[PDB]
């Protein structure tokens, strides 16, 4: 099966757009692909973190991924810092990465401007660690955010350069583009996607958000002033109403035409009530599952320990090959 590597920032925060758009689809693909989910705590610390929050959020992310349906027997899920081979490969790959490839990175320049008080070497060097993360597992495909395209291209270039020097040691990874999930946009500006760091909290619904707040947000979602009220799909002219239909469709699996038939003669209030009920229901169930996992420390420890063992057993094969190629005396 193709090997898919996804890195998750330790946050606990996932928008519904993220879930229904992507993660929820990936959860259904665990039999057809060899999926590896890595909670990237080593990357988080390129910005200063509160130590208690970092630990807490690591566990929050794990419990959330488990609640969403990532199955630790079918997939490999682990915390990055629990697998030494990441940091080991990252150092080695530094030596096959050009300083210029790192200095020209858009993200480095952008984050340098925003974190001007903490331009540390980790902020500069983290694309190398990202490359290590991916290349360690003989990864075929990586789901890439728009802002991560340049980082994926560096991974491919490093892998290619290393293979040209030493033989086929790494796989050249490709973008993971699975079939479209649900379309979900911001509730007060439906021309833009949801973003977890939006200053307008009424735009965004997160998976662990109090259902009562989620319902309020949906009930005040932007709709048009058409007279009479017409529940019909048209992104250009009726973006707000269209987005409510797309969100409901994403929850129930009903088609846009089916929903338009179902809502013939109805008010925008009725459409919003329907969306609020469907989303609240889905989120309340997910949150009960999250709580069951999140409160079970022994289960979380077992999953992390087992995940890290699974990951290390794959990673060590690749690192041994890298170290062999470079010329190091193998550990006895």
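Numbering follows the first chain given and starts at 1.
K.L.:
Between 136-144 and 110-118, which has the larger average Cα B-factor in the PDB entry?
P.N.:
Taking the mean C-alpha B-factor of 136-144 and of 110-118, the larger value falls to 110-118.
K.L.:
On mean Cα temperature factor in this entry, is 262-270 or 279-287 the higher one?
P.N.:
Between 279-287 and 262-270, it is 262-270 that shows the higher mean C-alpha B-factor.
K.L.:
What's the residue among 193, 220, 82, 171 with the greatest CA temperature factor in the PDB record?
P.N.:
Among 193, 220, 82, 171, the highest C-alpha B-factor in the entry belongs to 193.
K.L.:
Sort 179, 86, 201, 156 by C-alpha B-factor from the entry and give me just the highest.
P.N.:
When the deposited C-alpha B-factors of 179, 86, 201, 156 are compared, 179 is largest.
K.L.:
Please place residue 185 in the lowest, middle or highest third of its chain by C-alpha B factor as given in the entry.
P.N.:
Its C-alpha B-factor belongs to the middle third of this chain's values.
K.L.:
Compared with the other modelled residues in the chain, in which third is the CA B-factor of residue 297?
P.N.:
Middle third, going by the recorded CA B-factors of the chain.
K.L.:
Going by the recorded CA B-factors, say which third of the chain residue 150 sits in, lowest, middle or highest.
P.N.:
Top third by C-alpha B-factor.
K.L.:
Within this chain's modelled residues, let me know which third the CA B factor of residue 7 belongs to: lowest, middle or highest.
P.N.:
According to the entry, residue 7 has a C-alpha B-factor in the chain's middle third.
K.L.:
Should residue 103 be placed in the lowest, middle or highest third of its chain by the C-alpha B factor in the entry?
P.N.:
Middle third by C-alpha B-factor.
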